[PDB]
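These notes are about the structure you will find just below.
In what follows, every chain begins at residue 1, and chains take the letters A, B, ... in the order their sequences are listed. Counting starts at 1 for both ligands and their atoms, in listed order.
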2 protein chains.
Amino acid sequence: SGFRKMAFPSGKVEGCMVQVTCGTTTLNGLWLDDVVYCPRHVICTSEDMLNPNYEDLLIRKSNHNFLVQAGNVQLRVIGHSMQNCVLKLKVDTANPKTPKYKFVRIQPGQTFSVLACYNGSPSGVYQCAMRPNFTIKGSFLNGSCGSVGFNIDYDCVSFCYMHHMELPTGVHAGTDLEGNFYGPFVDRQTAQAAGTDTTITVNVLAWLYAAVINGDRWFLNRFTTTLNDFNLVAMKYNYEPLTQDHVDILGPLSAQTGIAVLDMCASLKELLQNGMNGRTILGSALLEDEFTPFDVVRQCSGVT
Amino acid sequence: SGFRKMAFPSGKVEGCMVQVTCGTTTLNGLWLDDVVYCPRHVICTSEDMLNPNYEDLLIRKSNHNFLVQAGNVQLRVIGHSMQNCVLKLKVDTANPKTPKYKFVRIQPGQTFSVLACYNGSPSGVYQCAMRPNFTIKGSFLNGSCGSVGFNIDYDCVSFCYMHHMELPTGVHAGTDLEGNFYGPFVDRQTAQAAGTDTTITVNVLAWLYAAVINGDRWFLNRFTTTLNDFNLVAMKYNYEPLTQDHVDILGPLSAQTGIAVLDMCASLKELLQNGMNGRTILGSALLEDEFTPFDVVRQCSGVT
Ligand SMILES: O=C(c1cncc2ccccc12)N1CCN(c2ccccc2)CC1
Ligand SMILES: O=C(c1cncc2ccccc12)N1CCN(c2ccccc2)CC1
């Protein structure tokens, strides 16, 4: 028992982190096979932050201007290209530590682990969710760009995020590994609206199921509700509308606990309307939405 | 900016995880140099859980009864011995992935990362604190024994915890890497009192400093207090008494924010007496105590 915001083991990703420098700018890159992937804003200067012409900036750069270091050893760059907001630096050596991998564009509400890095060196690992508004609530400082988010399925690393920027509001934005930003964000030092962030209802319910499995049952009530009645409450509290697809995804947790999904919805409706009354659930005083139903089953089953 | 419960990158520890089986019992071991460390209760059966005589049980075991597997390959056991509550299995091969390491017995209130493992395979990584009552609030299932807690200082892994058991209350207990339990716990399937768990005051203050650094300042007030006045409040709320050593440790955070430690104490006193009033601090609705002042400086400075 016990429920923690667990991240995937980061070893397979640590073995891919390299440092990329262009001019005076240093950030992190991801070395997979003979390619190093990094945010294209590595080619920017102080005067090229508010409105960069990446195509024009990149034209002034040659292979030897991109310094890539893996640990203490220098990688030789034999090609460079821009794919959306990422640069792909072809190096003469395939990463010997390259794990089995995939590039995936995750759905909002899905979770992933982030390996925060500085100067190509890993500093820490944490679990987070892609918010419905396509931002992440990470922990990133200057130099963390190019740090990646990923999921692990047995031996395969699915890379889903590359860190590009911090919005003036302290939230984070970035791209998939094809360089396409999640959300409406652009790699420019301008004010950008993140948008209203809703609560991932299916994740809150999954966490309530985790709470029941882990002994926390005070919030369970004698009520039930309907999807339409529940959603009237969810709308009022800026919660994502729950659909039959979400109910179906909660099926295994509903079967394990013996609590019907609409019954758990009535517990959630009462918690929203009444608050926690100074009480806690899984060591938390607010409703947690950064655990998917898959994360709950995984943590409560011991998938390695 | 952003503040997350960050764990150390786990790669160096993943490379040390092995599976140990004795009879019908399988758990995890830690392979460092030519020794595999594991909980001694691996030699127990169902009838040897309530009151095991480890010395007598171990006498019926020979080297070939300990099956150690590193990935898919079998390790040859050439020696075995019991040191307190851990077994040390000497194998004929030194772990080629052995990192620079230390065995340390951590102080209550200090934090560490746990790499939860099953069958010698890592499942996840999370950060936790050694509670003042010498328990940990982990996430562990059957088969997780032998999973370890550690800290990383540049390239050196300081192992501080080995998982041994779950108390009937859902909290976790275990040993340092010399096999000495943290707290009064014994490796027996009997009811064991954990003791009153207090809140790590110096950690709550460190987290309040992290909140200020990360923009959350609503809780800051126009008041100050004294160590003795603060401790009268801390006692009432089952908080550890704050000492000058704790004030001195908060010195760098006090200097970075320009907020005197006793001024932050008055903010903490008011939060304890008045509650959060439905507000949050660093995405939390309760006062967080599992970040040390060192963790706050590290996360807010980017130590790799
Ligand atoms: O290293 C960072 C950064 C990232 N994440 C969190 C942070 C927190 C505080 C300070 C800086 C950061 N930046 C910020 C984006 N930046 C950039 C440059 C050109 C075009 C678009 C973006 C490059 C430098
Ligand atoms: O694998 C575990 C375990 C550990 N952590 C969390 C758990 C949650 C649910 C179920 C089991 C566990 N045990 C529990 C202790 N156990 C043991 C045997 C002899 C003497 C002393 C301890 C060996 C088997």
Polar contact flag, side-chain donor to acceptor under 3.5 angstrom, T111(A)-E290(A): no
Residues, nucleotides or ligands: over 12 heavy atoms within 6.0 Å of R298(B) CZ: yes
Geometric class of the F150(B)/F8(B) ring pair [parallel <30°, tilted 30-60°, perpendicular >60°]: tilted
Partner of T175(B) by side chain to side chain donor-acceptor pair (under 3.5 Å), out of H164(B), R40(B), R105(B): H164(B)
Minimal non-hydrogen separation, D295(B) against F3(B), with atom names: O-CZ, 4.5 Å
Neighbour list for ligand 2 [protein residues, heavy atom under 4.0 Å]: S1(A), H41(B), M49(B), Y54(B), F140(B), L141(B), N142(B), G143(B), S144(B), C145(B), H163(B), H164(B), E166(B), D187(B), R188(B)
Flag if over 12 foreign heavy atoms under 6.0 Å of CD, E47(A): no
